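**Student:** For reference, this is data_12.pdb, and it has PDB, N, CA and C atoms.
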```pdb
ATOM      1  N   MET O   1       6.045  -6.893  11.767
ATOM      2  CA  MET O   1       4.956  -6.195  12.437
ATOM      3  C   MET O   1       4.385  -7.057  13.558
ATOM      4  N   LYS O   2       4.125  -6.453  14.708
ATOM      5  CA  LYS O   2       3.481  -7.182  15.790
ATOM      6  C   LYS O   2       1.967  -7.224  15.561
ATOM      7  N   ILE O   3       1.354  -8.360  15.874
ATOM      8  CA  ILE O   3      -0.093  -8.505  15.772
ATOM      9  C   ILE O   3      -0.731  -8.419  17.162
ATOM     10  N   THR O   4      -1.607  -7.440  17.366
ATOM     11  CA  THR O   4      -2.297  -7.294  18.644
ATOM     12  C   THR O   4      -3.799  -7.218  18.438
ATOM     13  N   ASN O   5      -4.533  -7.120  19.542
ATOM     14  CA  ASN O   5      -5.978  -6.989  19.480
ATOM     15  C   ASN O   5      -6.430  -5.742  18.726
ATOM     16  N   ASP O   6      -5.553  -4.746  18.622
ATOM     17  CA  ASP O   6      -5.889  -3.507  17.926
ATOM     18  C   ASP O   6      -5.353  -3.440  16.509
ATOM     19  N   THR O   7      -4.715  -4.512  16.055
ATOM     20  CA  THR O   7      -4.228  -4.556  14.684
ATOM     21  C   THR O   7      -5.410  -4.464  13.738
ATOM     22  N   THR O   8      -5.253  -3.661  12.698
ATOM     23  CA  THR O   8      -6.336  -3.444  11.763
ATOM     24  C   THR O   8      -6.103  -4.198  10.465
ATOM     25  N   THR O   9      -7.183  -4.423   9.725
ATOM     26  CA  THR O   9      -7.068  -5.041   8.413
ATOM     27  C   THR O   9      -6.238  -4.168   7.485
ATOM     28  N   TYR O  10      -6.329  -2.845   7.636
ATOM     29  CA  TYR O  10      -5.567  -1.952   6.789
ATOM     30  C   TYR O  10      -4.060  -2.097   7.045
ATOM     31  N   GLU O  11      -3.673  -2.252   8.309
ATOM     32  CA  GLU O  11      -2.270  -2.430   8.650
ATOM     33  C   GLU O  11      -1.728  -3.734   8.070
ATOM     34  N   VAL O  12      -2.523  -4.791   8.147
ATOM     35  CA  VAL O  12      -2.062  -6.064   7.594
ATOM     36  C   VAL O  12      -2.050  -6.017   6.070
ATOM     37  N   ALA O  13      -3.062  -5.382   5.482
ATOM     38  CA  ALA O  13      -3.061  -5.191   4.028
ATOM     39  C   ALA O  13      -1.808  -4.447   3.562
ATOM     40  N   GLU O  14      -1.460  -3.360   4.246
ATOM     41  CA  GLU O  14      -0.298  -2.597   3.806
ATOM     42  C   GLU O  14       0.988  -3.405   3.933
ATOM     43  N   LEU O  15       1.042  -4.264   4.946
ATOM     44  CA  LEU O  15       2.159  -5.188   5.116
ATOM     45  C   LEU O  15       2.330  -6.059   3.865
ATOM     46  N   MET O  16       1.215  -6.420   3.237
ATOM     47  CA  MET O  16       1.213  -7.292   2.068
ATOM     48  C   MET O  16       1.554  -6.558   0.775
ATOM     49  N   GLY O  17       1.335  -5.249   0.734
ATOM     50  CA  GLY O  17       1.635  -4.472  -0.453
ATOM     51  C   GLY O  17       0.594  -3.404  -0.709
ATOM     52  N   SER O  18       0.990  -2.354  -1.417
ATOM     53  CA  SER O  18       0.118  -1.193  -1.583
ATOM     54  C   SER O  18      -1.149  -1.466  -2.411
ATOM     55  N   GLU O  19      -1.180  -2.564  -3.169
ATOM     56  CA  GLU O  19      -2.377  -2.905  -3.941
ATOM     57  C   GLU O  19      -3.281  -3.888  -3.202
ATOM     58  N   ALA O  20      -2.833  -4.364  -2.044
ATOM     59  CA  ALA O  20      -3.680  -5.222  -1.222
ATOM     60  C   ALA O  20      -4.823  -4.392  -0.648
ATOM     61  N   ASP O  21      -5.986  -5.005  -0.469
ATOM     62  CA  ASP O  21      -7.133  -4.280   0.062
ATOM     63  C   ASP O  21      -7.576  -4.865   1.402
ATOM     64  N   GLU O  22      -8.684  -4.351   1.932
ATOM     65  CA  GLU O  22      -9.153  -4.740   3.257
ATOM     66  C   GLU O  22      -9.474  -6.224   3.340
ATOM     67  N   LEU O  23      -9.945  -6.796   2.238
ATOM     68  CA  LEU O  23     -10.258  -8.212   2.224
ATOM     69  C   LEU O  23      -8.976  -9.035   2.350
ATOM     70  N   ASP O  24      -7.931  -8.637   1.634
ATOM     71  CA  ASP O  24      -6.634  -9.289   1.766
ATOM     72  C   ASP O  24      -6.167  -9.250   3.214
ATOM     73  N   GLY O  25      -6.313  -8.084   3.839
ATOM     74  CA  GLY O  25      -5.894  -7.921   5.213
ATOM     75  C   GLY O  25      -6.676  -8.818   6.150
ATOM     76  N   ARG O  26      -7.992  -8.872   5.963
ATOM     77  CA  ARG O  26      -8.835  -9.709   6.803
ATOM     78  C   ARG O  26      -8.471 -11.196   6.674
ATOM     79  N   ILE O  27      -8.264 -11.636   5.443
ATOM     80  CA  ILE O  27      -7.904 -13.030   5.197
ATOM     81  C   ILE O  27      -6.556 -13.345   5.832
ATOM     82  N   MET O  28      -5.575 -12.466   5.620
ATOM     83  CA  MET O  28      -4.252 -12.696   6.183
ATOM     84  C   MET O  28      -4.299 -12.692   7.715
ATOM     85  N   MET O  29      -5.128 -11.845   8.318
ATOM     86  CA  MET O  29      -5.248 -11.874   9.769
ATOM     87  C   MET O  29      -5.747 -13.229  10.244
ATOM     88  N   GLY O  30      -6.674 -13.812   9.492
ATOM     89  CA  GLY O  30      -7.190 -15.134   9.807
ATOM     90  C   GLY O  30      -6.104 -16.195   9.705
ATOM     91  N   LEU O  31      -5.278 -16.107   8.663
ATOM     92  CA  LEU O  31      -4.187 -17.054   8.482
ATOM     93  C   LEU O  31      -3.144 -16.909   9.584
ATOM     94  N   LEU O  32      -2.780 -15.670   9.900
ATOM     95  CA  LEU O  32      -1.793 -15.431  10.942
ATOM     96  C   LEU O  32      -2.294 -15.951  12.290
ATOM     97  N   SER O  33      -3.589 -15.798  12.546
ATOM     98  CA  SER O  33      -4.193 -16.293  13.783
ATOM     99  C   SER O  33      -4.131 -17.816  13.852
ATOM    100  N   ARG O  34      -4.443 -18.467  12.736
ATOM    101  CA  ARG O  34      -4.355 -19.920  12.656
ATOM    102  C   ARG O  34      -2.945 -20.390  12.992
ATOM    103  N   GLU O  35      -1.963 -19.669  12.463
ATOM    104  CA  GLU O  35      -0.557 -20.029  12.613
ATOM    105  C   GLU O  35       0.046 -19.526  13.923
ATOM    106  N   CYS O  36      -0.777 -18.872  14.743
ATOM    107  CA  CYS O  36      -0.335 -18.300  16.020
ATOM    108  C   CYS O  36       0.851 -17.370  15.854
ATOM    109  N   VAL O  37       0.826 -16.590  14.785
ATOM    110  CA  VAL O  37       1.879 -15.626  14.536
ATOM    111  C   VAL O  37       1.518 -14.301  15.190
ATOM    112  N   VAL O  38       2.304 -13.896  16.183
ATOM    113  CA  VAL O  38       2.064 -12.627  16.867
ATOM    114  C   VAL O  38       3.106 -11.585  16.481
ATOM    115  N   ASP O  39       4.091 -12.009  15.696
ATOM    116  CA  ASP O  39       5.112 -11.119  15.153
ATOM    117  C   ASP O  39       5.533 -11.664  13.796
ATOM    118  N   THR O  40       5.238 -10.937  12.723
ATOM    119  CA  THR O  40       5.517 -11.463  11.390
ATOM    120  C   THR O  40       7.017 -11.610  11.121
ATOM    121  N   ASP O  41       7.856 -10.989  11.945
ATOM    122  CA  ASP O  41       9.301 -11.186  11.825
ATOM    123  C   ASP O  41       9.717 -12.609  12.188
ATOM    124  N   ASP O  42       8.830 -13.338  12.860
ATOM    125  CA  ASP O  42       9.105 -14.727  13.230
ATOM    126  C   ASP O  42       8.957 -15.666  12.031
ATOM    127  N   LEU O  43       8.457 -15.140  10.920
ATOM    128  CA  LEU O  43       8.262 -15.938   9.714
ATOM    129  C   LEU O  43       9.505 -15.959   8.839
ATOM    130  N   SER O  44       9.780 -17.102   8.219
ATOM    131  CA  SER O  44      10.769 -17.146   7.157
ATOM    132  C   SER O  44      10.199 -16.499   5.903
ATOM    133  N   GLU O  45      11.060 -16.205   4.937
ATOM    134  CA  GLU O  45      10.588 -15.647   3.676
ATOM    135  C   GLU O  45       9.646 -16.628   2.984
ATOM    136  N   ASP O  46      10.002 -17.910   2.988
ATOM    137  CA  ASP O  46       9.160 -18.933   2.378
ATOM    138  C   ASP O  46       7.795 -18.981   3.036
ATOM    139  N   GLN O  47       7.769 -18.905   4.365
ATOM    140  CA  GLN O  47       6.511 -18.958   5.098
ATOM    141  C   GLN O  47       5.639 -17.757   4.792
ATOM    142  N   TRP O  48       6.244 -16.571   4.764
ATOM    143  CA  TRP O  48       5.502 -15.349   4.482
ATOM    144  C   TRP O  48       4.898 -15.412   3.085
ATOM    145  N   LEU O  49       5.704 -15.793   2.100
ATOM    146  CA  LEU O  49       5.216 -15.872   0.728
ATOM    147  C   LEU O  49       4.164 -16.967   0.570
ATOM    148  N   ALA O  50       4.316 -18.069   1.302
ATOM    149  CA  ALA O  50       3.311 -19.129   1.274
ATOM    150  C   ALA O  50       1.971 -18.617   1.814
ATOM    151  N   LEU O  51       2.021 -17.825   2.881
ATOM    152  CA  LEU O  51       0.811 -17.261   3.462
ATOM    153  C   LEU O  51       0.165 -16.270   2.506
ATOM    154  N   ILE O  52       0.969 -15.442   1.842
ATOM    155  CA  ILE O  52       0.397 -14.543   0.850
ATOM    156  C   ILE O  52      -0.286 -15.346  -0.263
ATOM    157  N   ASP O  53       0.385 -16.378  -0.743
ATOM    158  CA  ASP O  53      -0.172 -17.218  -1.776
ATOM    159  C   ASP O  53      -1.509 -17.794  -1.314
ATOM    160  N   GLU O  54      -1.549 -18.303  -0.086
ATOM    161  CA  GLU O  54      -2.780 -18.891   0.423
ATOM    162  C   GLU O  54      -3.879 -17.842   0.552
ATOM    163  N   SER O  55      -3.523 -16.615   0.927
ATOM    164  CA  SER O  55      -4.544 -15.583   1.082
ATOM    165  C   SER O  55      -5.250 -15.319  -0.248
ATOM    166  N   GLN O  56      -4.530 -15.464  -1.353
ATOM    167  CA  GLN O  56      -5.127 -15.187  -2.648
ATOM    168  C   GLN O  56      -6.017 -16.348  -3.103
ATOM    169  N   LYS O  57      -5.665 -17.568  -2.711
ATOM    170  CA  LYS O  57      -6.543 -18.724  -2.900
ATOM    171  C   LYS O  57      -7.854 -18.519  -2.145
ATOM    172  N   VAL O  58      -7.738 -18.147  -0.877
ATOM    173  CA  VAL O  58      -8.916 -17.910  -0.052
ATOM    174  C   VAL O  58      -9.780 -16.769  -0.605
ATOM    175  N   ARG O  59      -9.138 -15.714  -1.098
ATOM    176  CA  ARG O  59      -9.859 -14.608  -1.727
ATOM    177  C   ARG O  59     -10.720 -15.090  -2.892
ATOM    178  N   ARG O  60     -10.106 -15.871  -3.772
ATOM    179  CA  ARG O  60     -10.816 -16.475  -4.898
ATOM    180  C   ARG O  60     -11.942 -17.383  -4.417
ATOM    181  N   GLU O  61     -11.656 -18.207  -3.408
ATOM    182  CA  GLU O  61     -12.664 -19.089  -2.820
ATOM    183  C   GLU O  61     -13.880 -18.284  -2.361
ATOM    184  N   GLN O  62     -13.639 -17.128  -1.749
ATOM    185  CA  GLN O  62     -14.740 -16.327  -1.230
ATOM    186  C   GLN O  62     -15.608 -15.770  -2.348
ATOM    187  N   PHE O  63     -14.987 -15.185  -3.366
ATOM    188  CA  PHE O  63     -15.743 -14.595  -4.466
ATOM    189  C   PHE O  63     -16.592 -15.649  -5.157
ATOM    190  N   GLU O  64     -15.994 -16.812  -5.389
ATOM    191  CA  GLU O  64     -16.674 -17.905  -6.066
ATOM    192  C   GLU O  64     -17.788 -18.522  -5.220
ATOM    193  N   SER O  65     -17.526 -18.757  -3.937
ATOM    194  CA  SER O  65     -18.492 -19.466  -3.098
ATOM    195  C   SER O  65     -19.687 -18.592  -2.734
ATOM    196  N   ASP O  66     -19.523 -17.280  -2.848
ATOM    197  CA  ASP O  66     -20.599 -16.356  -2.507
ATOM    198  C   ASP O  66     -21.715 -16.353  -3.545
ATOM    199  N   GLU O  67     -21.390 -16.760  -4.769
ATOM    200  CA  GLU O  67     -22.375 -16.812  -5.844
ATOM    201  C   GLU O  67     -23.538 -17.731  -5.486
ATOM    202  N   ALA O  68     -23.236 -18.795  -4.751
ATOM    203  CA  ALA O  68     -24.258 -19.723  -4.287
ATOM    204  C   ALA O  68     -24.618 -19.449  -2.830
TER
END
```
Hey, can you dump this file as structure tokens for me?

**Tutor:**
Amino acid sequence: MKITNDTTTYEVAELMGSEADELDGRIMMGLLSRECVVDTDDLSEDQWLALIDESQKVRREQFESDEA
């Protein structure tokens, strides 16, 4: 999938899987931006799965850190 200024969190969430939600999409957009990924086809399988793994760490970090 190409990433543009009009890419939505829903589009990135669906890229991750049908049970991913808007928060997953938002987090992954942040990761892809950090990595300067403008086309997810440029990723290896290992890289893509590593990014998904990291998005779930960040998700947990958010839920936990918001308590304080």

**Student:** What do you get, as an NGL selection string, if you spell out every residue that the PyMOL selection byres (((chain O and resi 55 and name CA) around 8) and name CA) selects here?

**Tutor:** :O and (24 or 27-28 or 31 or 51-54 or 56-59)

**Student:** As an exercise, work out the distance from CA of residue 66 (chain O) to CA of residue 30 (chain O) in Å and give it to one decimal place.

**Tutor:**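 Taking CA of residue 66 (chain O) and CA of residue 30 (chain O), their separation equals 18.2 Å.
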
**Student:** Taking the backbone alone, and naming residues the way the document does, which bits of chain O are helix (DSSP H, G or I) by DSSP, as number ranges by chain?

**Tutor:** O: 9-16, 22-34, 40-42, 45-66

**Student:** To one decimal in Å, tell me the separation between CA of residue 38 (chain O) and CA of residue 60 (chain O).

**Tutor:**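 Taking CA of residue 38 (chain O) and CA of residue 60 (chain O), their separation equals 25.6 Å.
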
**Student:** Could you name the residues that touch residue 2 (chain O) at 10 Å or less, counting only C-alpha atoms, but leaving out those on the same chain fewer than 5 positions away, as an NGL selection string?

**Tutor:** :O and (7 or 12 or 37-42)
